[PDB]
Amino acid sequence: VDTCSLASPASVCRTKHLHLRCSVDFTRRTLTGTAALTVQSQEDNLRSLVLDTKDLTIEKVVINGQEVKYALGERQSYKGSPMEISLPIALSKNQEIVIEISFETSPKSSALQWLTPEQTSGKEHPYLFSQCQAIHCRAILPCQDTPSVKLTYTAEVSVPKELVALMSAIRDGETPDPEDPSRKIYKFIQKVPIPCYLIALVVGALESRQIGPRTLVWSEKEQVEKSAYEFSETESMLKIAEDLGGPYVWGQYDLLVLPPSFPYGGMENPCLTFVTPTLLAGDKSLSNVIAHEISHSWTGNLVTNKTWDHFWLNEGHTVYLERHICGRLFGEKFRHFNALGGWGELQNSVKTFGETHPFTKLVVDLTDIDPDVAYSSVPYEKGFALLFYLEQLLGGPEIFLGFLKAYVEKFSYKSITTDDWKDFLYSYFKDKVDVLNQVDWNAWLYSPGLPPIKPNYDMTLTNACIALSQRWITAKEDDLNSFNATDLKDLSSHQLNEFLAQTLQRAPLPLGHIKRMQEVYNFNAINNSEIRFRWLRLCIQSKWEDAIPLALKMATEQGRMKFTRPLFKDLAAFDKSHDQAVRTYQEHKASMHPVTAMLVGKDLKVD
């Protein structure tokens, strides 16, 4: 039972297919069109069904070529409004009908961001992109908005002719729009069943460049070159993921680089991963994001969480595979470094929420909770730490990967729960159940706070970071002299980043120390977004006025939530920048991604 959806559940009826015909209108910021749902009943004598919608204008509903009765219930907050459709003929178990719904979206659709030409790189054309995870697909089209249901889809999308549409599907040709030659129709087929949260659309002045046998990179013209370089390891990453998870079943693996307001680092949309332009460090150092989204092609897009309570199944297994790809690519010691980093993110989230907070549970009860509000690292890193702890318990990586590969074959095309997962883990390791019964399942799966056990981590690459961070924290004024640019001589970008994360955990440091840090390390010059983000944070919590404009600038010139939210929060907690933070939010709010807008608003205690 999915408590984030208002639709009839999978035990009642199941959508098999969506055919979407729609037109994008930049002048009105609406999508207008029809969604044809092929719906299979799961019960005897079914006479009505319920769909999720949110800020949708329904014009009519047609079955067998006749307008039919339907109604929108009362809005229930972030869930939207349930649509009740009256079937003209009762259906028997397993019967299929096609239900064609005529709809239009609101400009305020929580799924969409409409960009003005000034908000893009080229400056001549507007741009639109979607983000359906978790429950925003209902703000684009009426659907059973729950991952407990999987459907194939095809779409035809009319856009101004000088623009391009792409979707989470195989692109299947373009032509002039016969209803209006100022426009093109682009067509798309997704032949592999998916949860609706993987539906995705972009429309904009895009070009593509080929970067491997089954990958094109797409973005505005002025990002293409740098993007092809930055993501050049992509094919080699697919080769390792195939080896780990089994065949890649989706045809194409493309990348779309979005404008800087894209709320996430990456979003694993089938055939077309979306990434933030803040990944473009110049040196491929941030590619673990591509490896993570690649991994979802098995864990997440094949095997899917039945409800969002079980999100950890999605993210935990994926981070587990991301870290393996990275370990194959760069060595096992690098996997251990990144894993220990992750536990560090875990300590931070739990500290922030508080150790008894319900959102620190691996499995969460989402009734009444907006998933955008509950989102944190907890399901990623607590989930990852569970799998890493099981790996050490059951005899190392190669053994645990045999389970991962078998778990994917097993649940491919399905949606599963935490108990579905646990059960198969007991079945697969039947010769080791005695070891499995020493795991504190109730603590790991259902208790708040840090996990009860911390796995074993190689420290090789981590030591230099902890050591340099300890020198700075224990330094007094008379020790500042002895820091030099040569302290950084042997640290990769990743270790510089880990150095700052260590140091930020003990923030604030004295203002003197920070000034000296900039003097000898020149962190202000570093354009790597992870590093600059933590270095700006450390600056603002240590109350260094000069960092105020640098922080405001980063928080607004890009909008990846990971960076934008804690930058605004920090700035607001600093008395000197409090007013400017609140003012800047209010000045930028209207042209922000609507989900980012809402969360930053909450965080700042505004409106």
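One-based numbering along the sequence shown.
Visitor: Can you tell me which stretch has the higher mean Cα B-factor, 77-85 or 468-476?
Guide: That would be 77-85.
Visitor: Could you check which stretch, 280-288 or 456-464, carries the larger mean CA temperature factor in the entry?
Guide: Looking at the recorded C-alpha B-factors, 456-464 comes out higher on average.
Visitor: Checking the record values for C539, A572, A35, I63, which has the greatest CA B factor?
Guide: Max CA B-factor in the entry, restricted to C539, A572, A35, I63: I63.
Visitor: Which one, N269, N481, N527, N522, has the peak C-alpha temperature factor per the PDB entry?
Guide: In this record, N527 carries the highest C-alpha B-factor of the candidates.
Visitor: Going by the CA temperature factor in the PDB record, which third of the chain does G341 belong to: lowest, middle or highest?
Guide: Answer is middle: the recorded C-alpha B-factor places it there.
Visitor: Against its chain's modelled residues, does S232's Cα B factor rank lowest, middle or highest third?
Guide: Lowest third - that is where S232 ends up once the chain's C-alpha B-factors are sorted.
Visitor: In terms of the CA temperature factor given in the entry, to which third of its chain does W441 belong: lowest, middle or highest?
Guide: Ranked within chain, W441 CA B lands in the highest tercile.
Visitor: C-alpha B factor of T367, ranked within the chain: lowest, middle or highest third?
Guide: Ranked within chain, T367 CA B lands in the highest tercile.
Visitor: Mind checking which third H494 falls in for C-alpha B-factor across the chain?
Guide: Its C-alpha B-factor belongs to the middle third of this chain's values.
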